Amino acid sequence: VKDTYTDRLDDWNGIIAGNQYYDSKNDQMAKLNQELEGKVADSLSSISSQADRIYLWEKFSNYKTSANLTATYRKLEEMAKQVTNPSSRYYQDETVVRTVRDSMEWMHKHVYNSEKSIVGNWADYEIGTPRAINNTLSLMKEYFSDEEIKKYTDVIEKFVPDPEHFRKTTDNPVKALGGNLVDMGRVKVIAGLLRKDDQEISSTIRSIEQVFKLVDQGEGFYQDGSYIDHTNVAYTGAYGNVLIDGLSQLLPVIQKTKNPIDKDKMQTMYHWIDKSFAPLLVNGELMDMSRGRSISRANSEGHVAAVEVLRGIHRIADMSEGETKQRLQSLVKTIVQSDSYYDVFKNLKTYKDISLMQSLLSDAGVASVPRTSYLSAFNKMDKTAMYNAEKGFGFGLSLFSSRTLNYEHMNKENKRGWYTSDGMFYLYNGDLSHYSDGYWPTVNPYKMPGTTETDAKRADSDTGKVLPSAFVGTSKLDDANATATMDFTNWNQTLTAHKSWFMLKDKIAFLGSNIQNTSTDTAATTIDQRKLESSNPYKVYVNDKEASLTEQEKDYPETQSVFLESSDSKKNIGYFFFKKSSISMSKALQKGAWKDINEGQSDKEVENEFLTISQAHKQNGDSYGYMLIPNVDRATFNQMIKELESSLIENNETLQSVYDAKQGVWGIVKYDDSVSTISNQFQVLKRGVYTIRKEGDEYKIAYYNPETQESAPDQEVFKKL
């Protein structure tokens, strides 16, 4: 016989593989089956035979490399999936059953057991390998005895005895939080089910419930939608993913144990979806500024990573009811249907996930309406996300401060992310492929768009830093208008700039002042570095006259505008310089390999064409100022820039401000507490960041002091004249 522990493991099997839902007449499901057939075939044809060898697989044979342990066990999990799939050529196959049984024994005696110590990466010993061991035994529980299942999980209890801590067998344990604490549940709740151990189950679930608390310091989800991991890194889009993806798998199982989670406690998940995740999803892409070092992974470009989030959301929708279920279904549906570039099924890796998505997309009762405009100021992780639904573009602003690390270079990944938070911007337009198809290994990492830098050489071996200043932040007025600033100093304290951004509904102004350089390296701001499509070329205009770009840099003194014209208006990009400026532009093929930025990736050469625009800063006290205007045609851009001719109010070392006369909206950044008079209409009085609207005789005010992370009473900061 068997019991309620195995009943839970049946449910787990339906979630992690879903063989009960397989239908050979289902096109998408058959594609995933064929992928698994191929992987099992490959593994079977290379596992080693005769004379108790030095290695199960030759390619994962160095057991001092910890990644080789979990790649090995993951190969056994793939076998367990197919051996229990009635439609697989390996269903109930004698050789496969014995291979998994005997392979677990071989690794157990020579490689991974209680008598061992972590060699290499702890995450493989405590997460990657134990998850793969657990799922294998769960799927194939009808081919193992309880005593063998105990025996092969004993090593999990040696490396991971305590559901509140990772690295327990090291000298320096760590408190389990965030994505890693959900992985604690996928390790210890499943091992606890296999081992029939009620204390492990309950103690692990109790530890997991810490995940539902919003924090105001340290790692976790914040009220304002920010997510921090690795002490002080913006991380919604990699560790946050793992959290929602893993939790949404576990919850249907946890909720049928003897220790279910209170529904009250779980309500915070809906806050994560609406406040943290949704704003970072644009046309099916998860914004790279939230993904940390995972940008350097070829198999995890932004549309692919997005599906980790979407599949989690859809599982949460499925365990919800009524209006909560309906609205989450609609959110997934509209995001997926907006993505003309990536096929969501390419990252749905179980049959239940495929089945859910198919029924969602074909259910006429689930509304799918284009997402409306929004603007999220994630001040607790120094990021801002903006989306305009009318014109159809998104914008991401990637900053850091005294409170956050600029970039994560860890585990030999993201070696050239140096400037990815130095006031870097992202534009999400009709080219859904822009940050994909090898953007990251081919972009020139010295000229990240928006950033002001010197041309000094940088070392791959460097790691991230916090910013000296806390004067970094965004004041949001409404869903369309916000202002941000960053009191910028570069990595070696040779360059400063007061960089500010004025998000004004359908355009963004970029102002920089107080640009100073104490090195002998040259300084410049990259206005853009845009990855091109050979199928959809741009016609380039400078001051409304066609220009011919080349690989070699061409200088354009006295530039008032640049316009990049596509056949598709939703890919158009214009740049309006408030004061005539001296810029340089080039169009060049850039080559590189993923291995250049991540040691674990392929050395295969990749290439893309980029259009680079920059502005040199040869003197102390230099400045820049321009308006980015996307998604309009050439005639409309030319009309808009005439309307904006007097939009620059000030751009100096203490005051930066831009005015949108059409909307009646001002953005203002003050670096001191002087009285600043604006448009002979009003005064602003305090250092900080402002977005202000005039409606009749009335003014709507949004003020933020980024240093104290507080607003202030209207009369302290604003006076109508």
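Residues numbered from 1 in each chain as written, not as in the entry; some residues may be left out. Heavy atoms only, no water. Residues with missing side-chain atoms left out of burial classes, pairs and counts.

This entry lists X-ray crystallography as its structure determination method and reports a resolution of 1.55 Å.

**A few points about the sheet that holds strand β11 (residues 424-428)**
For clarity, the threshold we go by: In this scheme, strands are said to pair when DSSP sees at least two bridges between them. Strands here are runs of E lasting at least two residues and helices are runs of H or I lasting at least four, both read from the DSSP assignment and numbered beginning at the N terminus. Note on geometry: axes are lines fitted to C-alpha atoms, helical ones only across the stretch in contact, with angles between N-to-C directions running from 0 to 180 degrees.
With antiparallel pairing, four strands are arranged side by side in an open sheet as β8-β9-β10-β11. Edge positions in the sheet fall to β8 (374-378) and β11, since each has one partner strand and no second. Mean inter-strand twist for the sheet, computed between neighbouring axes without regard to direction, equals 10°.

**Notes on unusual backbone geometry**
Excluding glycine, a negative phi dihedral is what most residues carry, and trans is how most peptide bonds are arranged. Phi is positive for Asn414, which is not a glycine, with a value near 65°. Following the sequence through the fold, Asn414 ends up in the loop between β10 (393-398) and β11. Here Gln493, not a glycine, exhibits a phi torsion of approximately 55°, which is positive. Its place among the elements puts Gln493 in the loop between β14 (481-489) and β15 (495-504).

**Considering the UniProt feature "active site" in the chain**
What counts is decided by this rule: UniProt positions are given in the numbering used here, feature names are shortened, and annotations may be inferred rather than shown by experiment. Contacts between residues were defined by any pair of non-hydrogen atoms, one from each residue, lying within 4.5 Å. Burial classes follow relative accessibility: with a 1.4 Å probe on protein chains only, a residue under 20% of its type's maximum area counts as buried, one over 50% as exposed, and anything between as partly exposed.
Mapped onto the present numbering, the UniProt feature "active site" falls at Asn180, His230 and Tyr239. Judged by maximum C-alpha separation, these annotated positions cover 60 residues in sequence but sit close together in space, the widest gap being only 10.3 Å. By the secondary structure assignment, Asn180 is in helix α7 (residues 178-194). Each residue touching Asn180, except ones within four places of it in the same chain, is listed here: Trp122, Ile127, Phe166 and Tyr239. The topology assignment puts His230 in the loop between β4 (227-229) and β5 (233-234). Taking relative accessible area as the criterion, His230 reaches 22% and is therefore assigned partly exposed. Contacts of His230, omitting those with residues within four sequence positions, involve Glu219, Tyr235, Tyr239, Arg293, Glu408 and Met410.

**Observations concerning the layout of surface pockets**
For clarity, the cut-off: In this analysis, the protein atoms alone were mapped onto a 1 Å grid. Cavities are point sets where a 1.4 Å probe fits without being able to get out; pockets are open sets with protein on both sides within 12 Å along at least five of seven lines; lining residues have an atom within 4 Å of a point. Grid points are joined across faces, edges and corners, and a volume is the space filled by probe spheres set on the points. Residues are sorted three ways: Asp, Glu, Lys and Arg are charged, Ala, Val, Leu, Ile, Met, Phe, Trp, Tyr, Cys and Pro are nonpolar, and all the rest, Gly among them, are polar.
As a volume, the second largest pocket reaches approximately 380 Å³. Looking at the second largest pocket, it is lined by 17 residues, and the ones nearest its centre are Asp10, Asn13, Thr84, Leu139 and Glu142. Examining the composition of the lining of the second largest pocket, we find that three residues originate from one element, helix α1 (residues 4-16), more than from any other. Per-class residue counts for the lining of the second largest pocket are six nonpolar, eight polar and three charged.

**Describing helix α3 (residues 67-83)**
Quick note on the threshold: How far a helix is expected to stretch is found by multiplying one less than its residue total by 1.5 Å.
Helix length check: α3, at 17 residues, gives a terminal C-alpha distance of 25 Å against a target of 24 Å (1.5 Å per residue), a fit within 8%. Burial of α3 is extensive: 15 of the 17 residues sit out of reach of the surface.

**Some points on the side chain of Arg371**
The line we're drawing: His is not counted here, nor are the chain ends, while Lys and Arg score as positive and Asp and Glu score as negative. Here a salt bridge means any side-chain nitrogen of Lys or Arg lying within 4 Å of a carboxyl oxygen belonging to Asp or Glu. Polar contacts, as used here, are pairs of N or O atoms within 3.5 Å; protein pairs need one atom able to donate a hydrogen and one able to accept it. Residues neighboring in sequence count only if both atoms are side-chain atoms.
Within the secondary structure, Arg371 sits in the loop between α14 (351-362) and β8. One buried charged residue, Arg371, remains without a salt bridge, the closest side chain of opposite sign being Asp274 at 8.6 Å. From its side chain, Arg371 meets the backbone oxygen of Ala278 in a polar contact 2.9 Å long. Setting aside chain neighbours within four positions, we find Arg371 in contact with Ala278, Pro279, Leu281, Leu331, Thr334, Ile335, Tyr387 and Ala389.

**Overview of the packing of helix α13 (residues 322-338) against α14**
Filter applied, for reference: By definition in this entry, angles of less than 35 degrees are roughly parallel, angles greater than 145 are roughly antiparallel, angles of 65 to 115 are roughly perpendicular, and the rest are oblique.
At a minimum axis separation of 10 Å, α13 and α14 run at an interaxial angle of 85°. Between α13 and α14, the crossing angle belongs to the class labelled roughly perpendicular. Residues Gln329, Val332, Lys333, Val336 and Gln337 of α13 form the contact with α14, whose participating residues are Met357, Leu360 and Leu361. Per-class residue counts for the contact of α13 with α14 are five nonpolar, two polar and one charged.

**Here's the deal with the pairing of strand β24 (residues 648-651)**
Of the strand pairs in this sheet, β24 and strand β25 (residues 655-660) are connected by three bridges, and their pairing is antiparallel. Along β25, the bridge assignment pairs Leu648 with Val658. What sits between the antiparallel neighbours β24 and β25 is a turn of three residues.

**Quick look at the pattern of salt bridges**
Throughout the structure, instances matching the rule amount to 42 salt bridges. Ionic pairing is found between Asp262 and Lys265, a salt bridge with its closest N-O pair at 3.1 Å. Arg687 is the salt-bridge partner of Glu707, the closest N and O atoms lying 3.0 Å from each other. Placement of the pair is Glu707 in the loop between β30 (698-704) and α18 (714-717) and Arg687 in the loop between β28 (682-684) and β29 (688-695), with a sequence separation of 20 residues. What makes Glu707 partly exposed here is its relative accessible area of 37%. Each of the salt bridges in this network shares a partner with another, and the network as a whole consists of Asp154, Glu157, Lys188, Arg195 and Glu200.

**Re empty space enclosed by the protein**
Considering only enclosed or pocket space, the largest cavity measures out at about 150 Å³ in volume. As for the largest cavity, its lining consists of 17 residues, and the residues nearest its centre are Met289, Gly292, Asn406, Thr420 and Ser421. Residue classes in the lining of the largest cavity are distributed as eight nonpolar, six polar and three charged. Volume-wise, the second largest cavity comes out at about 70 Å³. Forming the boundary of the second largest cavity are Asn429, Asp431, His434, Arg530, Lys531, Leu532, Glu533, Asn536, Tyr538, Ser566 and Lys571.

**Digging into the nonpolar core**
As a reminder of what qualifies: In this description, a nonpolar core means a group of buried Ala, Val, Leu, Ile, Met, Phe, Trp, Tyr and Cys residues linked to one another through side-chain atoms lying within 4.5 Å. Segmentation of the chain into domains, including their bounds, is taken from an automatic or database domain assignment.
Core analysis: the biggest nonpolar cluster contains 133 residues, and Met104, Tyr112, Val211, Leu247, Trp272 and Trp440 have the highest contact counts within it. Two domains each donate at least three residues to this core, and these are domain 1 (2-373) and domain 2 (379-635). Discounting residues that sit within four places of it in the chain, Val211 has contacts with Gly178, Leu181, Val182, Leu243, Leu247 and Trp272. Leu467, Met486, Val562 and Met585 belong to the second-largest nonpolar core, a separate cluster that totals 42 residues.

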